[PDB]
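Just the one chain here, laid out as structure tokens, in the form deposited in one PDB entry.
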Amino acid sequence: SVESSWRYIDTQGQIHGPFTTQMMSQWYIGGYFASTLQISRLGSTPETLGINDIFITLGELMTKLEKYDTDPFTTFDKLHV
């Protein structure tokens, strides 16, 4: 059973990560992420949404999933990995 690794770009353009789905989830639920935050799922395994290794806003990740439970990261791994 696979857990994803994620990166994100801050407002100074620095790349942080890779951080696990669980970590990303916690920060999401913590309210730390803006919907404008550019994030990326690392292409460590195949996945059915089609977001491996691309940078998209958190808001766009959610438009693609069309439904989330507690957070888009956990949802992604559950539904697409």
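Take the two forms, find the largest set of C-alpha atoms that superpose within 1.5 Å, and that set is the rigid core. The numbering used is simple: start at 1 and walk along the sequence shown. Residues that one form lacks are left out of the comparison.
Residue 72: CA B factor lies in the highest third for its chain, per the PDB record.
Placement of the Cα temperature factor of residue 59 within the chain: highest third of the modelled residues, per the deposited record.
Remark: residue 23 belongs to the middle third of its chain, ranked by C-alpha B-factor as recorded.
Note that the form deposited in another entry isn't included here; everything after this is about it.
After superposing the rigid core, the Cα of residue 19 is displaced by less than 2 Å between this form and the one not shown. Relative to the superposed core, residue 10 undergoes a C-alpha shift smaller than 2 Å between this form and the one not shown. After superposition on the rigid core, the Cα atom of residue 60 is displaced by less than 2 Å between this form and the one not shown. Three angstroms is the minimum change: in that other deposited form, the CA atoms of residue 69 and residue 66 sit closer than in this structure, by 3 Å or more. In that other deposited form, the Cα atoms of residue 59 and residue 73 sit 3 Å or more farther from each other than they do here. For residues common to both forms, superposing the rigid core between this form and the one not shown reveals a single consecutive run of 3 or more with all Cα shifts of 2 angstroms or more, at 67-81.
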